[PDB]
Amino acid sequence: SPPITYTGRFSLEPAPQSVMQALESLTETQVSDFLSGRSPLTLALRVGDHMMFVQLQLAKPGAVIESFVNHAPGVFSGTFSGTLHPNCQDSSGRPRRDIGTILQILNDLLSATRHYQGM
């Protein structure tokens, strides 16, 4: 039951469609492509006071930032990777086919931003 890893790319900036409304909009084969590894998943969402683009691709739990740039105050982009939380794996060891799996990865990424700036 080897761990499930992911990589991604984020761009973030202040705001002049939050996660759920975004996450519920995903269609089943949209979801199916992503949790299988057959397609990246790319999102545009508001979180708090900021505005975020994230692209995600499936292959300690959590995420680690592999590169970032501070462009201007509140304006950051970068790249990351991480491992899924095990309770986002079904009985067969592969990611559970629902929107909570993707919300965990978004949670992992935002936790890893705490070490850097922007909250």
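All residue numbers refer to positions in the sequence shown, first residue = 1.
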- With respect to the deposited sequence, how many residues separating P16 from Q17 are not represented by coordinates: none, 1 to 3, 4 to 9, or 10 or more? 10 or more
- Query: Which fits the stretch between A59 and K60: none, 1 to 3, 4 to 9, or 10 or more deposited residues lacking coordinates?
  - Reply: 10 or more
- Of 66-74 and 26-34, the stretch with the higher mean C-alpha B-factor in the deposited entry is 26-34
- Item | Residue range whose averaged C-alpha B-factor is higher in the record, 6-14 or 94-102 | 94-102
- Task: Would you mind finding, among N87, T83, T79, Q55, the residue with the largest C-alpha temperature factor in the entry?
- Result: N87
